[PDB]
Amino acid sequence: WXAXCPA
Amino acid sequence: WXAXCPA
Amino acid sequence: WXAXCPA
Amino acid sequence: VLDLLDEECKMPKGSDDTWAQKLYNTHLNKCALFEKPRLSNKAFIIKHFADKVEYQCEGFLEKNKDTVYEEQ
Amino acid sequence: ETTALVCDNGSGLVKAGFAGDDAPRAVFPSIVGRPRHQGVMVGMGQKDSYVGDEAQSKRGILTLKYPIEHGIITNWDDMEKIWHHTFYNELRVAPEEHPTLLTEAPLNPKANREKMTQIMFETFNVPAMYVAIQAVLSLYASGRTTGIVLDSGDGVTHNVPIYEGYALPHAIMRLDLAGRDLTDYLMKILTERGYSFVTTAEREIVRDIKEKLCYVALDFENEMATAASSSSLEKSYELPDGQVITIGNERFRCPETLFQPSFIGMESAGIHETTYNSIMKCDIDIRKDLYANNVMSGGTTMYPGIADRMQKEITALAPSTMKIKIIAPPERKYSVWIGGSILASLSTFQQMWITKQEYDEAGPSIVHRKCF
Amino acid sequence: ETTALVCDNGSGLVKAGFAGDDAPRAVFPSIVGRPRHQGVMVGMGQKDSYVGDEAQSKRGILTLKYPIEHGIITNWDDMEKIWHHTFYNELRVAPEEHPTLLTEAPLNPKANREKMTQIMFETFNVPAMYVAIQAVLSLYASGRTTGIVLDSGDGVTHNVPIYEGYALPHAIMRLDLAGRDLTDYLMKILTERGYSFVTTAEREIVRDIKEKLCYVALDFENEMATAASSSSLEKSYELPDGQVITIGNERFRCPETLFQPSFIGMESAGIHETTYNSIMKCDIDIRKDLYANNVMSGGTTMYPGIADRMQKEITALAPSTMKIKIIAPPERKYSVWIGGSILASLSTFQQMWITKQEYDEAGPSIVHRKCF
Amino acid sequence: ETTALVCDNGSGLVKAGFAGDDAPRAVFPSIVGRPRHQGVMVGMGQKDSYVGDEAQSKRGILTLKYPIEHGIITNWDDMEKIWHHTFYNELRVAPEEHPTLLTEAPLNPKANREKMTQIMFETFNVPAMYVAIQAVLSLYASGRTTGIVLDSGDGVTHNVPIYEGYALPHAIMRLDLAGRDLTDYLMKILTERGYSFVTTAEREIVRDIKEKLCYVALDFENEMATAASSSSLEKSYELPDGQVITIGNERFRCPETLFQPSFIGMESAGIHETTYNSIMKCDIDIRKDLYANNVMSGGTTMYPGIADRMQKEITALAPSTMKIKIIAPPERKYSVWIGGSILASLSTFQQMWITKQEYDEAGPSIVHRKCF
Ligand SMILES: Nc1ncnc2c1ncn2[C@@H]1O[C@H](COP(=O)(O)OP(=O)(O)O)[C@@H](O)[C@H]1O
Ligand SMILES: Nc1ncnc2c1ncn2[C@@H]1O[C@H](COP(=O)(O)OP(=O)(O)O)[C@@H](O)[C@H]1O
Ligand SMILES: Nc1ncnc2c1ncn2[C@@H]1O[C@H](COP(=O)(O)OP(=O)(O)O)[C@@H](O)[C@H]1O
Ligand SMILES: [Mg+2]
Ligand SMILES: [Mg+2]
Ligand SMILES: [Mg+2]
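Chains as they are written, first to last, in this note's numbering: chain A, -1 to 5; chain B, -1 to 5; chain C, -1 to 5; chain D, 2 to 73; chain E, 32 to 403; chain F, 32 to 403; chain G, 32 to 403.
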């Protein structure tokens, strides 16, 4: 993703 | 209605 | 709540 | 009217009622030759070459359909 | 002959059929639904708006509007859809063939009849039309010529005294308590037990709880003590999703607001004191016949025990030498339609219709001239 | 005199203190945390569960539960821990000494007051108790006797019209839009820009992004066009770990759902139309005083521009000869507590308390008898 | 007619073919391998990097990257190689000839569609394009218009409720449990029995152990006791080199983390409670139809016994008068592609395509305008 998770 | 009540 | 919603 | 019938044969839970609704939505005011019978929602009228003809939608879809399962 | 249509727009229900029938062909809620969510599938056969039993069936997707409230039509483009559905889909008859009869609550705005007339002649092209006071038709239905009529549907309640077919306009009482305000009260009171109802699609659930569970106490404060002390009175109902709710002393509190409009913050007196005051405005030669012929009419009078409660609480007001009788036939939810069905079949009536040839000359104001 | 406690359980925040103070001694989130991982070290001084500022401090290790949602207490064993923490740790006072005053949203379930009462007398052994409607207290705070009050915290929003200290129960509107549903919407919309938030310990991050960055557009569709055309509106925030996020046209979309509950799929009208409809249910002699005294209350009304947006969009509905005033004091997040602090200090009130001697005779149902 | 391509990028697998076919022409893993060792021989015809079935075949020499993780494309230069391989080598068709249809998990970042669109028009020069929500296509495949769909592949899981082709966006649940996190858990748990797997080229072995051996317990703690007490449950597998491994009570522990994400340290509830909570967010009129039409979709739902476990553990939550049905067709791993294959063949759809003439005017942001 961009914040919470790694993608 | 038109004045007293809402219809 | 007890019906209409989760609380 | 044929294309929307073939498109209705494979759309899920298709029925002669919702086919007719697609007919009306697509053609009813947009075309000079397609008309709705005043007292019904299950028929339509085509102004053919020789005459106006009223076709009734009930049971086109079951007649329209072929699929032969090749394993048979 | 071409028989005339009888179409009791009422509110909340539409009742329609042919004159000379003994019950209507069509009874469906006068409700228009429009879809509020995003439609995602393609080729679904999306439809602009739904009328009646469709909008009831699909109600979970829709916002439901009643176009008539307090017997006043508030949205004509909905209402005309409801008439269009009534004639073409539900009765399956072209209205251009034969006359139409329409019903209205008394003392409501003058322009409502003019608009009804204008729509009936201009768009629906009916050959002739009439509008009739509902409470007058309830007497035709109950087989009487002298009466006082408590007619109470959705939307509106009114009393009309009629003596030997002379109506007494100065004594006509109108009240805006109705099934819809008992329903909105039942919504605001069921919340006490935690159940909650916030949307129109479940306002239509509360409207059916009210119909099955509710009943009227023969005396209020002792049953309030009883059902506060013994739970034996309480009853339970399955919501659509399968949740069970339970309703106790509440299920008699909402219909009892007909007798205490203070519960919803209105000033005015209940149906019993308005009935009695309407009789008191009548002149004294007729009061004995009015006291004998009290006629219940319309659906909000269907609650069990409303007859005995009325007879009790009017007998508490009437002079004790008089005799008080409440006439509550079991058909009474339909009696306005049955009365219009017989009225429209009378050969004497055929002169009364407003014909299109008259309307084209005088304009829509002709109603005030030829109707009541 | 022994001063009484004022404890505004609210939802999301607990506000507590002594009557006659001008601001609360205790403001902490009404949140209970339990540890979810395996504790590995030995001798650590492990503790079963954390309340308030502890559960906020350690939140990365915890699962955070709110025991109150939509103004209903849903877990009593949490809630009683929160009260226990309030009296003994945060105020550091034994509640057996002196009375306590409690606040509740209107029209919520009847059993909630009975349980609150039963816990206050049985476990906390308070000498006397009362429960008071929040929106009534917001008038005591704003120094008025005639008002209509839009009181909107976490959990619940409601309008209560009050004219010269007579409340108008038939006109009380309650709505379940609140800071928590703006927060869950801000979570589901921030995902558009790739940021993601899936856990309670970061729901508590989104709840603070909402507080600092969000604001309400005076007109929505022009700012939507602006911030789609110019990036000049967007602002950035540092997450706890040091990641920078950036938020643009979004930061006005979440608070604007107060005016368009369709964005989260509710039917009902926004706070402006519910305020206006609540005024319309009031009788016409008082509407001018209600229109003048519109009082904002509670924290969810803190968004910049919500005052001017309300005054605009109510003026769009009111008759143009009327005058519309929105009263938005800067304290307003605390006004329910300030009002309860003055209420509990009135010498006239000392009769009003539910004393234990009354409760022991009548049982917990006494609340419905002696409260509103 | 020119038939359109259907290309369900998914994650981990690419599924592609022509609209109107009943199964895809091309099913290969969405994996890019680069060689890590020094190539020593000369004249071998070395090639920079391998896509799909090649990287699977040669995997012992390679480092394998998935360009898509959690339904987000994280490396565009890999992904464009995968599309290039799909069109030119595997289908052997020039995409400039006829339109293309693409599928995406709901609620994922807004920029992913813009990049997909920009690449499809700019490099591949497709005449028209569309992107479709996977869970919507699973209904087209299963022949329904009213459903709630548990669609769970590699990367992402989501629930979407659809009633008569109206989706209920407020009720859409997304969860990041997936086949890849069951795989990484199966790696971290197999270590209990001493076996070890540390590289991608053997992560691809664990991924196939998971597929053959694993199954879901109808009740967890009794099978945990059984297979701790009787070895009768354990089964054995030949690694590529000929080593035999043996797996016992473990082989049901990894797929059961779908129902207890605590095993991998997530807060959130399993797929059953997210399904039920998604139904609860829906309005109460439709819940019976949602409870009847539960549709399984995507490969991670293939574990034996996941249907019966879902029906059990939802029936444990649903009201006991309801009826709960889990629809788990054997094709279901392909149902998103089958649904897109029929969707793209509908004559009604041909208007829906984003044509290049539209894109050149509006820019890549047109997707948000013209798509769902
Ligand atoms: N059997 C019943 N018992 C109690 N209330 C009823 C019953 N049937 C209908 N109602 C209520 O009365 C109203 C319908 O009355 P109705 O006579 O059909 O109205 P109208 O004739 O004006 O169209 C609605 O509010 C409905 O909820
Ligand atoms: N300055 C602010 N701006 C916007 N939202 C706020 C602000 N302060 C608090 N909130 C939000 O409003 C809610 C708190 O309101 P509050 O009035 O404290 O609740 P209550 O009084 O019911 O305890 C929370 O959801 C919080 O995120
Ligand atoms: N028959 C099966 N049984 C159990 N797990 C499977 C099976 N087939 C595939 N999987 C797992 O599920 C994921 C593949 O699911 P799939 O539906 O193909 O993904 P997508 O559709 O998103 O490309 C992989 O992690 C794979 O290991
Ligand atoms: Mg009636
Ligand atoms: Mg508050
Ligand atoms: Mg998939």
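Don't be surprised by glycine CBs; every beta carbon is placed ideally from N, CA and C.
Where residue i sits in the DSSP three-state scheme
i: residue 187 of chain F; result: coil
i: residue 48 of chain E; result: strand
i: residue 323 of chain F; result: helix
i: residue 71 of chain E; result: coil
i: residue 203 of chain G; result: coil
i: residue 65 of chain F; result: strand
i: residue 226 of chain G; result: coil
i: residue 147 of chain G; result: helix
i: residue 231 of chain F; result: helix
i: residue 132 of chain F; result: strand
i: residue 59 of chain G; result: strand
Contacts that residue i makes with chain E (C-beta to C-beta distance below 9 angstroms)
i: residue 265 of chain F; result: Chain E residues near residue 265 of chain F: none, gap ~27 angstroms exceeds 9 angstroms.
Contact list for residue i against chain D, beta-carbon separation under 9 angstroms
i: residue 171 of chain G; result: 12 and 13
Near ligand 7: residue i beta-carbon under 7 angstroms from a heavy atom
i: residue 82 of chain F; result: With respect to ligand 7, the structure shown offers nothing to examine, as its ligands consist of ligand 1, ligand 2, ligand 3, ligand 4, ligand 5 and ligand 6.
Exposed unless 16 or more other CB atoms sit within 10 angstroms - verdict on residue i
i: residue 260 of chain F; result: exposed
i: residue 188 of chain E; result: buried
i: residue 39 of chain G; result: buried
i: residue 390 of chain F; result: buried
i: residue 26 of chain E; result: This structure cannot speak to residue 26 of chain E, because chain E is shown only from 32 to 403.
i: residue 156 of chain G; result: exposed
i: residue 60 of chain D; result: exposed
i: residue 307 of chain F; result: buried
i: residue 205 of chain F; result: buried
i: residue 116 of chain G; result: buried
i: residue 29 of chain D; result: exposed
Contact with chain E by residue i, beta-carbon distance below 8 angstroms
i: residue 37 of chain D; result: no
i: residue 326 of chain G; result: no
Within-8 angstroms CB hit, residue i to chain A
i: residue 94 of chain G; result: no
Within chain G, partners of residue i - CB distance below 8 angstroms
i: residue 71 of chain D; result: Under the 8 angstroms cutoff, chain G gives no residues; its nearest Cβ is about 11 angstroms from residue 71 of chain D.
Interface flag, residue i vs chain G, CB-CB below 8 angstroms
i: residue 4 of chain D; result: yes
i: residue 75 of chain D; result: The structure shown has nothing for residue 75 of chain D, since chain D only spans 2 to 73.
i: residue 223 of chain F; result: yes
i: residue 59 of chain D; result: no
Interface residues of chain E facing residue i [CB-CB closer than 8 angstroms]
i: residue 383 of chain G; result: 73
Closer than 7 angstroms at the beta carbon, the chain F residues around residue i
i: residue 275 of chain E; result: The premise fails here: residue 275 of chain E is roughly 17 angstroms from chain F at the closest Cβ pair, so nothing lies under 7 angstroms.
Residue-level contact to chain F via CB, residue i, 8 angstroms cutoff
i: residue 298 of chain G; result: yes
i: residue 229 of chain E; result: yes
Beta-carbon neighbours of residue i, restricted to chain A and to distances below 9 angstroms
i: residue 279 of chain F; result: What residue 279 of chain F touches in chain A: nothing, since even the nearest Cβ is about 14 angstroms away.
Any C-beta of chain D under 8 angstroms from that of residue i
i: residue 379 of chain G; result: yes
Proximity test, Cβ basis, 8 angstroms: residue i and chain C
i: residue 269 of chain F; result: no
i: residue 105 of chain F; result: yes
i: residue 226 of chain E; result: yes
Within chain D, partners of residue i - CB distance below 8 angstroms
i: residue 119 of chain E; result: 39 and 40
Residue i: contacting residues in chain F (beta-carbon distance under 8 angstroms)
i: residue 414 of chain E; result: Residue 414 of chain E is absent from the model: chain E starts at 32 and stops at 403.
Chain B contact residues for residue i, given Cβ-Cβ distances below 8 angstroms
i: residue 212 of chain E; result: The contacting residues do not exist; residue 212 of chain E stays about 11 angstroms from chain B at best.
**OP:** May I have all residues whose beta carbon comes closer than 5 angstroms to any heavy atom of ligand 4, sorted in chain order?
**Re:** The answer, residue by residue, is E:41, E:184 and E:329.
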